[PDB]
Amino acid sequence: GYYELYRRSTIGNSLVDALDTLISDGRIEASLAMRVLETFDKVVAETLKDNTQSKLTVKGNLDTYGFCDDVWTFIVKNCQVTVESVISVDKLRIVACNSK
Amino acid sequence: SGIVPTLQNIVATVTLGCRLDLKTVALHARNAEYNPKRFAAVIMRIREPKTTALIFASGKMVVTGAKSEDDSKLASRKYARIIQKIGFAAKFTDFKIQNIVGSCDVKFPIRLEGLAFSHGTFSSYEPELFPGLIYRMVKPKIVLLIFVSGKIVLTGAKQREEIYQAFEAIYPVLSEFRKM
Amino acid sequence: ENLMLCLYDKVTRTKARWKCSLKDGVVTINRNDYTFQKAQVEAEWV
Amino acid sequence: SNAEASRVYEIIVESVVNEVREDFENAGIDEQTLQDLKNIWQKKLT
DNA sequence: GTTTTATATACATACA
DNA sequence: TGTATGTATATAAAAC
């Protein structure tokens, strides 16, 4: 259970980098690092589920889309994003995993 | 008449000659979908010619949405190259146009019930089920969708001249049942 | 680098118009981070 | 710029650390090592 | 059952 | 209580 996609996020990469250091730089038990990441996967999921309110709206040109193995990938170009403020992005990559 | 039906869609078949691993194609082709739980094929799309392709594991392929024989074959070739570039030993064999759809506007209302009764052998009209009259022509084996507004849909053709001839045959009947 | 990670509830298409109902996600847009409960995507393919 | 994001991020760090502590204690590593993980992670995250 | 295209009705959820 | 999307109905054709 729990997808590992959130490890690619800013907070996820940071965690990876921290752990990698404790392993290499130090002598801190690897494998435990994996245990930690398994915890991360679950936490981010419940937190994003129970601790969020924002509603986003993304409108733009669909440059590319794709589906395989319960994962949708989209690349939106020249888009305006609305938070609940209006932000503009030249290129946005979206990766979505099945909710079911 | 000076009214020539407009081609709206062409469906074609092509044999690539090799077997394909759909997942590999999906993972390496842009704008492709692969959901074996829905349809056992890879759905792939290109913008020019704006068409859609149903690619199969057998190497069999169907291309739709083209509006001309040239576009149909061109798109088909494009999908072919894309598959080849992915690493599959595909070939472009047996390209065949299987269906051509066309439509036109006569610009005058039509008395459907009347049309149906006079040509009962070919006509099917249940406005409550579907608002158009389903006219099955035997001459060029073409099926026409006749509407009270004077708009016509013609389908089931192997070549465009069939769409054309089917309309020339029906036109007199349309004038014959003009509602004005 | 302008990456959105999330879950999808529904994805639909009509002609070249796509719509997507996203949930529980995180995005980095122009060096800033947003977290959301829901997101709707309206994109036009060519 | 988003505040909910930083709050979510805070919840994630705090929540993960406390959970991970059991395993950390099992592996007989070090409470201050866990503290380092927390500080570095939060450091990288900026 | 998929995908594409013209055409036309009813009906069904939403939205301010 | 309109403007919006959606569902459905019906046609040809191939591939699975």
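Any value given below was found using the heavy atoms of this structure, including those in side chains, with hydrogens, waters and symmetry copies removed. Proteins come first, then strands; the chains are lettered A, B, ... in the order of their sequence lines, and each starts at number 1.
Spacing between atom CG of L133(B) and atom P of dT9(E) amounts to 13 Å, rounded to whole angstrom units. Spacing between atom CG of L16(B) and atom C1' of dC16(F) amounts to 15 Å, rounded to whole angstrom units. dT9(F) atom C1' lies 12 Å from atom CG of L145(B), rounded to whole Å. Between the P atom of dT4(E) and the CD1 atom of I43(B) lies a distance of 8 Å, rounded to the nearest Å. Counting to the nearest Å, the P atom of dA15(F) and the CG atom of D94(B) are 11 Å from each other. In this structure, CZ of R45(B) is placed 13 Å from P of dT2(E), rounded to the nearest angstrom. Between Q98(B) atom CD and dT2(E) atom P there is a gap of 20 Å when expressed in whole angstrom units. Atom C1' of nucleotide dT11(F) and atom CZ of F147(B) are separated by 9 Å, given to the nearest angstrom.
One finds a side-chain N or O of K15(C) lying less than 4.0 angstrom from the OP1 or OP2 phosphate oxygen of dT5(E). Considering only side-chain N and O atoms, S149(B) lies nowhere under 4.0 angstrom from the phosphate OP1 or OP2 of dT7(E). At the phosphate of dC16(F), neither OP1 nor OP2 sits under 4.0 Å from any side-chain N or O atom of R38(B). Contact check, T52(B) against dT4(E): a side-chain N or O comes under 4.0 Å of OP1 or OP2.
Between the OG atom of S124(B) and the CZ atom of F130(B) there is a distance of 11.0 Å, given to the nearest 0.5 Å.
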Using salt bridge (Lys or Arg N to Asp or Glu O under 4.0 Å), reason through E42(C) and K59(A) one step at a time and then give a plain yes or no. CA-CA 5 Å; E42(C) 285 174 24; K59(A) 291 191 187 186; 3.5 Å; yes
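Listed candidates were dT9(F), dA13(F), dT11(F). Nearest to the side chain of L129(B) is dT9(F). In the set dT5(E), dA8(E), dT9(E), the nucleotide with an atom closest to the side chain of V148(B) is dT9(E). When distances are taken from the side chain of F39(B) to each of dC16(F), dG6(F), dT4(E), the shortest belongs to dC16(F). Nearest nucleotide to the side chain of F130(B), out of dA15(F), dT9(F), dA13(F): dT9(F). For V143(B), counting side-chain heavy atoms from C-beta on, the closest listed nucleotide (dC16(F), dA13(F), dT11(F)) is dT11(F). The side chain of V101(B) lies closest to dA12(F) when the candidates are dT2(E), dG6(F), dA12(F). Checking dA6(E), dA12(F), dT9(E) against the side-chain heavy atoms of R136(B) singles out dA12(F) as nearest. Taking every side-chain heavy atom of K67(B) into account, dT5(E) is the closest of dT3(E), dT9(E), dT5(E).
A negative value of the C1'-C2'-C3'-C4' dihedral assigns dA8(E) to the south, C2'-endo side. Judged by the sign of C1'-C2'-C3'-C4', the furanose ring of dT13(E) adopts a south, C2'-endo-like conformation. North puckering is assigned to the sugar ring of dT9(E), since its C1'-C2'-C3'-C4' angle is above zero. For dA10(E), the sugar pucker falls south, since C1'-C2'-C3'-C4' comes out negative.
Residue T51(B) is classed as having no contact, given no heavy-atom separation below 4.0 Å to the nucleic acid. Here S124(B) lies out of heavy-atom contact (under 4.0 Å) with every strand. Residue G65(B) is in sugar-phosphate contact alone, with no base atom involved, counting any heavy-atom pair closer than 4.0 Å across all strands shown.
Comparing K151(B) and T64(B) against DNA chain E, the residue whose closest nucleotide sits nearer the 5' end is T64(B). Taking the nucleotide of DNA chain E with the nearest heavy atom to each of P127(B) and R13(C), the more 5' of the two is matched to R13(C).
The base of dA12(F) sits with one of its N or O atoms less than 3.5 Å from a complementary donor or acceptor on the side chain of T155(B).
Classification of the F92(B)-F95(B) ring pair by plane angle, with boundaries at 30° and 60°, yields parallel. The aromatic rings of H119(B) and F177(B) sit perpendicular to each other, their planes meeting at more than 60°, with 30° as the lower class boundary.
The side-chain tip of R136(B) does not point at the ring of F122(B) from less than 6.0 angstrom away and within 45° of straight on.
Neighbouring nucleotides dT9(F) and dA10(F) do not stack on each other, since their six-membered rings fail either the 5.5 Å centre distance or the 30° plane angle limit. Judged by ring-centre distance under 5.5 Å and interplanar angle under 30°, strand neighbours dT9(E) and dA10(E) are stacked.
For an aromatic pair to be called close, the ring centres must be under 6.0 Å apart, and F74(A) with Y65(A) fails this.
Across all non-hydrogen atoms, the minimal contact from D9(C) to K100(A) is O-NZ, 3.1 Å.
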